[PDB]
Structures are given as structure tokens and as C-alpha cells.
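Here is the structure we will look at, set down as C-alpha cells.
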Amino acid sequence: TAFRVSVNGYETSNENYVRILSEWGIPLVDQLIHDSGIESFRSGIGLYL
Amino acid sequence: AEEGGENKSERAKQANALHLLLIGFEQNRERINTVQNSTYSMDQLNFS
């Protein structure tokens, strides 16, 4: 993808969670949900029914 | 005193590391946790 998320021990998981999200923001989450495949599942079953 | 030096032999070497490791262990015991491998940084350790 178009992200360079770097995970480091400089901060805790929550602090990295705050830092990582603050660095990039919501657009990173859009890819996360897209990769989850849940949206495709809704279209799949919906298309069939 | 017995060895007359810290790095004068392999036996003395073990004392040298032990002498400095024990000195190191006691000097910086407040920066060391028990089990979990502590992670720090310049900001977290005040290094300029």
C-alpha cells in the first residue's frame, strides 16, 4: 500500500497506537477494513439473495 | 588484589567482567526490570 508504518519499541503498544494513527490517520483504516473482506461478504450474500 | 589486575588472564578476565558487571548491575539497577526486557530511549533516558 501507500503507507510506511514503522513499529518501534520506543513507545508502548497503546502509545504506538496513538502515534501510528496520528501519523497517518483514518485513510490507513480504510485499507484495514477493505482487507478484512467483511464488506465483500455483505455484497456476496446480498447479491445471491 | 589477588590477581594483581583485571585483564591479566582468563581467570582475571572473568573477575573483570564480574567486577564491572556487578558494578554495572548495582550502578544502573534502577534502569533494569526483573523479567521483561525494558525498552527505553533518549527522551525516556534524558540523552541530549
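Simple scheme: letters A, B, ... for chains in C-alpha cells order, numbers from 1 for residues in each chain, numbers from 1 for ligands in the order shown.
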*Within 10 Å of chain B, which residues of chain A are there when counting only C-alpha atoms? Please give them as a ChimeraX atom specification.*
/A:8-12
Those residues with N, CA and C atoms, as a compact mmCIF listing (two decimals), in the first residue's frame please?
# COMPACT_ATOMS: atom_id res chain seq x y z
N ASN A 8 8.03 0.45 16.45
CA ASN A 8 9.25 0.57 17.23
C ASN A 8 8.95 0.36 18.70
N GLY A 9 9.98 -0.05 19.44
CA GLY A 9 9.88 -0.20 20.88
C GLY A 9 10.03 1.08 21.66
N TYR A 10 10.21 2.21 20.97
CA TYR A 10 10.31 3.50 21.65
C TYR A 10 9.06 3.82 22.45
N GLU A 11 7.92 3.24 22.09
CA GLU A 11 6.66 3.54 22.74
C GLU A 11 5.89 2.24 22.96
N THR A 12 4.98 2.27 23.93
CA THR A 12 4.14 1.11 24.20
C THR A 12 3.19 0.86 23.04
*Which residues come within 12 Å of residue 31 of chain A, counting only C-alpha atoms, excluding same-chain residues fewer than 6 positions away, as a VMD selection string?*
chain A and resid 1 to 3 24 to 25 37 39
*Apply DSSP to the backbone of this structure and, from segment 7-45 of chain B, keep only the residues in alpha helix (DSSP H); write these as a VMD selection string.*
chain B and resid 10 to 27 42 to 45
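Of note, atom CA of residue 22 of chain B and atom CA of residue 47 of chain B are spaced 23.9 Å apart.
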Spatial neighbours of residue 2 of chain B, 12 Å, only C-alpha atoms, chain gap at least 6 places, as a PDB file with N, CA and C atoms, in the first residue's frame:
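Final output, around.pdb:
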ATOM      1  N   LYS B   8      44.543  -9.622  33.360  1.00  0.00           N
ATOM      2  CA  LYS B   8      45.844 -10.278  33.314  1.00  0.00           C
ATOM      3  C   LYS B   8      45.756 -11.763  32.985  1.00  0.00           C
ATOM      4  N   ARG B  11      41.136 -16.160  33.950  1.00  0.00           N
ATOM      5  CA  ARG B  11      40.542 -16.134  35.281  1.00  0.00           C
ATOM      6  C   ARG B  11      40.322 -14.699  35.742  1.00  0.00           C
ATOM      7  N   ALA B  12      41.334 -13.845  35.568  1.00  0.00           N
ATOM      8  CA  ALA B  12      41.176 -12.435  35.909  1.00  0.00           C
ATOM      9  C   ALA B  12      40.105 -11.783  35.046  1.00  0.00           C
ATOM     10  N   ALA B  15      36.852 -12.158  36.481  1.00  0.00           N
ATOM     11  CA  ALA B  15      36.707 -11.183  37.556  1.00  0.00           C
ATOM     12  C   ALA B  15      36.476  -9.786  36.998  1.00  0.00           C
TER      13      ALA B  15
END
*Could you state the separation of atom CA of residue 18 of chain A and atom CA of residue 37 of chain B in Å, given to one decimal place?*
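Result for atom CA of residue 18 of chain A versus atom CA of residue 37 of chain B: 22.1 Å, one decimal.
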*What is the distance between atom CA of residue 30 of chain B and atom CA of residue 45 of chain B, in Å to one decimal?*
11.6 Å
